[PDB]
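# A structural walkthrough
Below, each chain spelled out in residue letters.
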Amino acid sequence: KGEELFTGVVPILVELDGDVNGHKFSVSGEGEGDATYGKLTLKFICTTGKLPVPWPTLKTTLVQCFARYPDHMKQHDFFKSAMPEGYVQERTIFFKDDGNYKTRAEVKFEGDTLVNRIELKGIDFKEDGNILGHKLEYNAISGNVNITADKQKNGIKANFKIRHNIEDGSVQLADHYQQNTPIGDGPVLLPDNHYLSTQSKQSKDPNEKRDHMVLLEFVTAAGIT
Ligand SMILES: [Ca+2]
Ligand SMILES: [Ca+2]
Ligand code: NA
């Protein structure tokens, strides 16, 4: 039943409240997802002024229900199966030689809109590290989300690495651990091991003077032949 809600273009809303080393900020995002093509287009705005961390570090936090699951893998799509009641998505993101983000999000339909509502808490950051020092490039992010069933929670777990380019040519590693739990009581699809091949490009709206990020993202399930 969940999978039927994604056969067309779906409007997306993202709302994030954050506190990173006591820097409090909010982010509002809008756009649309077409799961048939694994395609997401979004624009995010910092509504509190200047974002106190680099946009790239927030990208993974700011809707894996928009993944293109190949037909032969459709029985492994936990994300859409939880809809419309939705799922809780939790992460710890460990920035190597720096702080961590912990995130708790509720992803669900509000009428015909897919909504991602997030709380983000960041601690242990260095004031002149790559995050609070704003030393990261703004360009593109890709990786493979490794998913396994979590039957004890009627949900999934995932892990993956992101390598953020630093302006010196080096990389800032962000190790991600993830847990998803259904909000509702409907049955969900507990998957075999597989991965999401995910890539996005970050850009700027030439007309936009607010602190913002434009994103074009493609997400495809794989790793079952
Ligand atoms: Ca940035
Ligand atoms: Ca380079
Ligand atoms: Na679609």
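Residues numbered from 1 in each chain as written, not as in the entry; some residues may be left out. Chains lettered and ligands numbered in written order. Heavy atoms only, no water. Residues with missing side-chain atoms left out of burial classes, pairs and counts.

The deposited coordinates derive from X-ray crystallography, with the record listing a resolution of 1.60 Å.

If you look the chain up in the PDB entry, it shows as wasCFP crystallized in SG P212121 from Aequorea victoria.

## Quick look at the overall build of the chain
Across its full length, the chain holds one helix and 11 strands. Here the chain has a C-alpha radius of gyration of 17 Å; the compact-globule value for 225 residues is 17 Å, and the two agree. Principal-axis analysis of the C-alpha atoms gives the chain an extent of 45 × 35 × 30 Å. (Helix = DSSP H or I, 4+ residues; strand = E, 2+ residues; numbered from the N terminus. Rg over C-alpha atoms; globule rule 2.2 N^0.38 Å.)

## Some details on a negative patch on the surface
On the surface, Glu15, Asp17, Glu30 and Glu119 cluster together into a patch of negative charge. Inspection of the secondary structure puts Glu15 in strand β1 (residues 10-20). Given a relative accessible area of 31%, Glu15 falls into the partly exposed group. (Patch = residues over 30% accessible without salt bridge, like charges linked within 9 Å, V, L, I, M, F, W, Y side chains within 5 Å. Areas by Shrake-Rupley, 256 points an atom, 1.4 Å probe, with all protein chains shown as cover. Salt bridge = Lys/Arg side-chain N within 4 Å of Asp/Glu carboxyl O. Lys, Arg positive; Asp, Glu negative; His and termini not counted. Charge placed at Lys NZ, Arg CZ, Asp CG, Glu CD. Buried < 20%, exposed > 50% of the residue type's maximum accessible area, 1.4 Å probe, protein only.)

## Points about the pairing of strand β10 (residues 194-203)
The side chains of a regular strand alternate between the sheet's two faces. Sheet topology places strand β7 (residues 140-150) next to β10; eight bridges connect them, and they run antiparallel. Residue pairing across strands places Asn144 opposite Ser197, the latter belonging to β10. When β10 meets strand β11 (residues 212-222), the two strands line up antiparallel, connected through nine bridges. Considered in β11, the bridge of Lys201 is made with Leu216. (Pairing = 2+ DSSP bridges.)

## Structural notes on the nonpolar core
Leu62, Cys65, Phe66 and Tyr101 are the most contacted members of the largest nonpolar core, which has 55 residues in total. Ranked by residue count, the leading element in this core is β1, at five residues. In this view, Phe66 contacts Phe6, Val10, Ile12, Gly33, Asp34, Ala35, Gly38, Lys39, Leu40, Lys80, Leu114 and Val219; residues no more than four positions away in its chain are not counted. (Core = buried A, V, L, I, M, F, W, Y, C linked by side-chain atoms within 4.5 Å. Contact = heavy atoms within 4.5 Å.)

## With respect to the side chain of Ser26
Here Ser26 is to be found in strand β2 (residues 23-34). When sequence neighbours within four positions are dropped, the list of residues in contact with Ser26 reads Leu16, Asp17, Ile45, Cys46, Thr47 and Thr48.

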